[PDB]
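Topology and contacts: notes
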Amino acid sequence: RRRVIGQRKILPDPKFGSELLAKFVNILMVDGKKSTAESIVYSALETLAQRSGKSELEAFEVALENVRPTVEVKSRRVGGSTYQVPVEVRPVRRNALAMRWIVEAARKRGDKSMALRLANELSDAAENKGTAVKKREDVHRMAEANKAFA
Amino acid sequence: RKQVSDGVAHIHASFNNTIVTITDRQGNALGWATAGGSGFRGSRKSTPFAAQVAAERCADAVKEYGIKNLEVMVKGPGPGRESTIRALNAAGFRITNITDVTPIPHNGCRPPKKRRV
Amino acid sequence: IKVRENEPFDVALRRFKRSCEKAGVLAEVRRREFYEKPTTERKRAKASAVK
RNA sequence: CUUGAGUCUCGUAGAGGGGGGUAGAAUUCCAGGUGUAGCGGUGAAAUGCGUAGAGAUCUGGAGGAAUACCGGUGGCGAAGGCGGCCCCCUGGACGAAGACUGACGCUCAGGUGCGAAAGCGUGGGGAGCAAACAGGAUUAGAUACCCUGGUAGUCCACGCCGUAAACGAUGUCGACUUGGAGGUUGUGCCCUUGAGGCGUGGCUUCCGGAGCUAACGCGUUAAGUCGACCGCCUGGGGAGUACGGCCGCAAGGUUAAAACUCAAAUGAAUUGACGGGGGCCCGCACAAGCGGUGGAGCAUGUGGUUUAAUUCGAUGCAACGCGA
Ligand SMILES: [Mg+2]
Ligand SMILES: [Mg+2]
Ligand SMILES: [Mg+2]
Ligand SMILES: [Mg+2]
Ligand SMILES: [Mg+2]
Ligand SMILES: [Mg+2]
Ligand SMILES: [Mg+2]
Ligand SMILES: [Mg+2]
Ligand SMILES: [Mg+2]
């Protein structure tokens, strides 16, 4: 409520050296078990070398293309009840946003595993099935389609 | 069909609502649409970012006709009496000038004691 | 309240008449008149105006 | 006699009062072009209006109320008052040189008269607000608050009532008493060259000196310092009510008790708390995120329960895997 530090730098992929991806492989790990992440996502990225076989490294940033919201619903309280004033989001959260729900919906599927309950929704998400982009448009339908108050 | 080219417009803007009625130089009507006459209702409407999507509704019923240029009346204050005029000119419209035609007594009748919230 | 000009350039100047009426003489008329409140509004909200 | 009251003169500003005109704006209702699924409205909604064409919108007529702007912190009158403009009949107030009579004088119970609003009369008109009334919604609920409509009645004379926080909750008339920024009027003189400049009379708005003041404050417009007269006041409730007279179409007005009864009812002023009052922070407060509870078994504490007893204490944030 009065401290403007910034963001806490994080350690890269154990091979590629990816800080932008350094923060993805952080919201996947349960109870600080980076022994079941560095071998379920850093590996469920090379099993997309079967969902196509192509260069899986940039074959990330595009699965997060139709999945990055840019205007959001930031509430308020003036008038007599509420205020929705939907407004834009900055990059310090953009890259991250999708990353989350992207794995989130990718949990409550029901696939054969989770090295697979993730190698699936990071292609489907890139194809517009799954809650990946349906969330995206479950939102924008309300956000920026509600600039009467914004 | 006539194809006017020099007809008028009337922007009546109450607080909880605002209508856009396109008429001719003389006064005869031509086309119209309005706030509640477009999707949003209640008080979700009224806001300016609603009362110009109406404006751009009159455009599709006032281009069946010929209007190479127009003028406007703003009978009524409120939430959509400027913004209304914005999606005007731009959506493919000329404009001589603006004329205000809002009420003005010389103290003649009593008004609604109304809102005693 | 008369505007209109030459050289098409959707200018402005509609505000020039924004300060000789507008909502101005509408607030006075909007809901109700004043009656006794002007007995204490021009002769009372005047303590507002002495410097 | 003349400075007090005044009479004439001669100026002057002003919503002073009554009557008679009036022009412009503005809603609403009428009459038709247009035009289409809509308008109206609340927090949202509903009631009501619209395919028997609302509303928008135009061109026309009927009609009633009121005079934005100017407007003022202003102006007037004895108060309640009173706002465009025009016309006649009519008050008051102010001033300048003077010109005049000669203490007329200021006070007044009863006496008489004027009387915001509301209401009762007779009769008129009735555009808009609207008690009462009916829907509508909100709530437990709503005889209310907002929504939709609407009778009286706001308006007119003629007449009654004759009370209001009738205000400045502060009689009148008269001379005093430090000033300081003004408002509006009237008349002297200044190269009147001038916006203005300087003296001086009525009114007036704010500060505020002594002084008065129980404090807040009044303070040249006194709540200062004196002088004539009249009004009222004597503790709260019971009560301006009852009882008699009066007035009054009435509704009611006014003249005004007793009996009980309580240690208080009050004024201003500080002290904090509390505001569904404001302004400014602070916390995992919240927002942003991660996890979990309620739900499922089981351990366990507690109030229920029943007991021959289920041993006493803890009972919102402060107690409940708590003292065990
Ligand atoms: Mg006076
Ligand atoms: Mg009356
Ligand atoms: Mg009503
Ligand atoms: Mg003082
Ligand atoms: Mg008292
Ligand atoms: Mg902490
Ligand atoms: Mg939270
Ligand atoms: Mg969670
Ligand atoms: Mg005890």
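Residues numbered from 1 in each chain as written, not as in the entry; some residues may be left out. Chains lettered and ligands numbered in written order. Part of a larger assembly, values for the part shown. Heavy atoms only, no water.

For this entry, the PDB record names X-ray crystallography as the structure determination method and reports a resolution of 3.74 Å.

As a further point, take helix α1 (residues 91-104) of chain A. Residue and element names in this part refer to chain A. Between the first and last C-alpha of α1 there are 20 Å, a value that for 14 residues agrees with the 20 Å anticipated at 1.5 Å per step. All buried positions along α1 are accounted for by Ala96, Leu97, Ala98, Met99, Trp101, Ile102 and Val103. Lining the buried residues of α1 we find α2 (130-140). (Helix = DSSP H or I, 4+ residues; strand = E, 2+ residues; numbered from the N terminus. Expected span 1.5 Å × (residues − 1). Buried < 20%, exposed > 50% of the residue type's maximum accessible area, 1.4 Å probe, protein only. Contact = heavy atoms within 4.5 Å.)

The next thing to look at is the interface of chain B and chain C. Facing 22 residues of chain B, the contacting portion of chain C comprises 18 residues. Regarding the contact of chain B and chain C, the summed buried area is about 1,600 Å², with carbon and sulfur atoms giving 58% of it. Its largest share of buried area at the contact with chain C, chain B owes to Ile98(B), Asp100(B) and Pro111(B), together 24% of the area lost on that side. Scanning the region where chain B abuts chain C turns up zero salt bridges. Inspection of the chain B/chain C interface yields four residue pairs in polar contact. For the side of chain B that touches chain C, the per-class residue count stands at nine nonpolar, five polar and eight charged. (Buried area = accessible area lost by both parts, 1.4 Å probe. Salt bridge = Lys/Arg side-chain N within 4 Å of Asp/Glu carboxyl O. Polar contact = N/O pair within 3.5 Å; in protein donor to acceptor, adjacent residues only side chain to side chain. Nonpolar A, V, L, I, M, F, W, Y, C, P; charged D, E, K, R; others polar.)

The subject of this paragraph is the pairing of strand β3 (residues 29-34) of chain B. Residue and element names in this part refer to chain B. Where strand β2 (residues 17-23) lies against β3, five bridges are found, and the strand directions are antiparallel. Directly across from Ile19, in β3, lies its bridge partner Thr34. Hairpin connection, β2 to β3: the antiparallel pair is bridged by five residues. (Pairing = 2+ DSSP bridges.)

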